[PDB]
Every structure is written in C-alpha cells, then in structure tokens.
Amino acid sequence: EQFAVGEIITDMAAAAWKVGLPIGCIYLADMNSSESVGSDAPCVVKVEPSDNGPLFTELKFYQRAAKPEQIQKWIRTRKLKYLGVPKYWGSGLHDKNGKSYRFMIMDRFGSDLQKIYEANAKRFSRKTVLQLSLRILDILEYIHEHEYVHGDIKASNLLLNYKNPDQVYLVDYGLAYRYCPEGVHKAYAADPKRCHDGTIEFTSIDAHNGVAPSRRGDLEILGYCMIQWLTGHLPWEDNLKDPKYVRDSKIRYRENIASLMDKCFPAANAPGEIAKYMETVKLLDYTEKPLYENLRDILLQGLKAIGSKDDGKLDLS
C-alpha cells in the first residue's frame, strides 16, 4: 500500500483529494470532504514511485493534451458529442515510509471492452465495431493533432464512461509517443529512449520493423482490432511467441488485402468497409497526415450498408 485509507493528498495546484480502496497502484478517489470515499467514487488516483518512467510519460501526455478546456474547445470546434480522451484533473508528489511517489488524478471509468467482448463469446457486432471505430478515429485524430501516437489500441485499453455505456475512452499513455515534438516529425528509425513495440497481435508493421510509431501505425492497429472484434480471431494468433512470423503475415496480408478478407471472413462474405479502410491506411507514407474524415466516411458507408446510421449507440449490454 502507498496510501493510508481516507488519507488527504494535495496536488501541485493545491486541490485537495481523499483516497479510498483499490479498484495495487490505482485507488478510488474524490474531492476532500468529511465523507468517506465510497464505491461510487467519481475519480481514481494512480500512484507509482517517483522513478517510474511510464507514469511520468503518461502524466506529461495528460498535462500537454488532456486539460479539460482544451478537450472542451475541441468538442465544440469539431461539433462532437464527446471525446474519449480522459481529462487531466491534477497531479503531485507523495511521500510514504521514506519513499517518494508520484500520483495523478483522473476520472473513474467503468468496464474495459475486453471483459464485454469475452462475455459476448469473443464477438462484437458489425454495428458495435463501426460505432467503436468512429469514436476511436475521433480520439486518434485528437492525440495525433496534439503530437502524440498511442501505439497500443486494444479492447483492454478501452473503457466505458462509468455513467454512460455508449461512450468509450482510450486509456494508458504510459508508452505513448510524441512523434511530432514542436511540429518536427521523427525520422524513419528507432527512438533510442523508447524500448516498447506494443501488443504483438495488434502492433503495426512499423513497430515490427523496429522504427518509432507514427500515425499510420495507430490506424493499422485499429484495423487489426476491427477484424479481431468482428471474427474473434486473427490469422497469426497461434504464433504470437514468434514476432518474425507475426510481421511476415502482416506484411503478406497488407500486400494482398483480399486474401486477408478471404482468410478472416466466411467465404465471399466480408464487410466491404474493412477492406476499404485497410487499403486507405496502406496508402499512407510514414510521416504523412491521415485524412481522418475520409476514414470515418468509409465506416459511415458501412453503417448505411446495414441500414443504420451514426446514432452513437455502441449496442453493448
């Protein structure tokens, strides 16, 4: 344990918070009061030692790109219903037993998508996948425009709004990467400071090639997520201890998208927007800016094809 239960901690902006039970490095948290922190807590506090690299990285992301007003101004300007980027609420330093810790306050979210996926026998419907992906595309556009790539989009990093199950949020920026510091795009090479390569089954060909992640890589990761969610599988899932096999398959399947559709979907029965999205992402150069509205239009055609529309309904349960 890093905190005493009911402990009051004060962040760098002098806002006071109260610590509750773990949700062991994440606790329920709320604004300081006489009341005890309950299971209905609107916040969480993440705490790690001061020397922990991922919390520092994550905190720098939240401080630079997730301030409540910069998020609200984006939502207003882009006329969005919401933006699945968790808001930054504060951070500080905390001492315990002569050891220095860093903490960060963020909103409390509900279930991860991986649990809902596993309870639905490892399937999400076409409507769900298109609705999730439209929101993920808004999220990616936002973080990319704020000089960052996520590099690790997957169902376990996607959380529902604790009070609204039609609102999904992308979490975990511990290994996010600033691909465009001060508007200067990174070169096609490895970052010496950066070690990680994402989640093997979903990671980009760029990551497999040992180069730093860029915008096309996050869009390619979303592509593998869509197939996985729609079919319950990926062609290379039985060879995940062999990264050169996983890369070889991804390369061969990018080169011939129709054979990927033939492999993943029942014979001659593949949703067309998936192949079109993948062909679009395939045309991006390492440093090129994606045309997000074009990608979102590809998915909207998919919603039209099933006789639906972008009504923001995730259709989970």
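Take the two forms, find the largest set of C-alpha atoms that superpose within 1.5 Å, and that set is the rigid core. In case it trips you up, residue 1 is the first one in the sequence shown, and so on.
- Message: Once everything is fitted on the core, do the CA positions of 30-38 or those of 271-279 lie farther from the shown form in 6 other deposited structures of this protein?
- Response: The stretch that sits farther from the shown form in 6 other deposited structures of this protein is 30-38.
- Is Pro266 one of the residues left unmodelled in a third or more of the other entries compared? Residue status for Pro266: gap in at least one third of the other entries.
- Unmodelled stretch of the deposited sequence separating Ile23 from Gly24, binned as none, 1 to 3, 4 to 9 or 10 or more: Gap size class: 4 to 9 residues without coordinates, per the record.
- Query: Is the mean CA B factor in the deposited entry higher across 78-86 or across 190-198?
  - Reply: Mean CA B-factor is higher for 190-198.
- Task: Name the higher of the two by mean Cα B-factor in the PDB entry, 136-144 versus 240-248.
- Result: Per the PDB entry, the higher value belongs to 240-248.
- Query: Out of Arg108, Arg178, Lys99, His208, which shows the largest CA B-factor listed in the entry?
  - Reply: The record points to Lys99.
- Query: From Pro54, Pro49, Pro290, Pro42, can you pick the one with the highest C-alpha B factor in the entry?
  - Reply: Most elevated C-alpha B-factor of the set, per the entry: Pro42.
- By the record's CA B-factor, is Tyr62 among the lowest, middle or highest third of residues in the chain? Ranked within chain, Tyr62 CA B lands in the lowest tercile.
- Using the B-factor values recorded in the entry, state whether the Cα atom of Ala305 falls in the lowest, middle or highest third among the modelled residues of its chain. Top third by C-alpha B-factor.
- Message: Is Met261 in the lowest, middle or highest third of its chain when residues are ranked by C-alpha B-factor?
- Response: Its C-alpha B-factor, which the entry lists for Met261, ranks in the middle third among residues of this chain.
- Query: If you rank every modelled residue in this chain by C-alpha B factor, which third holds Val149: lowest, middle or highest?
  - Reply: Within its chain, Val149 is a lowest-third residue by C-alpha B-factor, going by the deposited values.
- Message: Could you place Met278 in the lowest, middle or highest third of its chain by Cα temperature factor, using the values in the record?
- Response: For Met278, the deposited C-alpha B-factor lands in the middle third.
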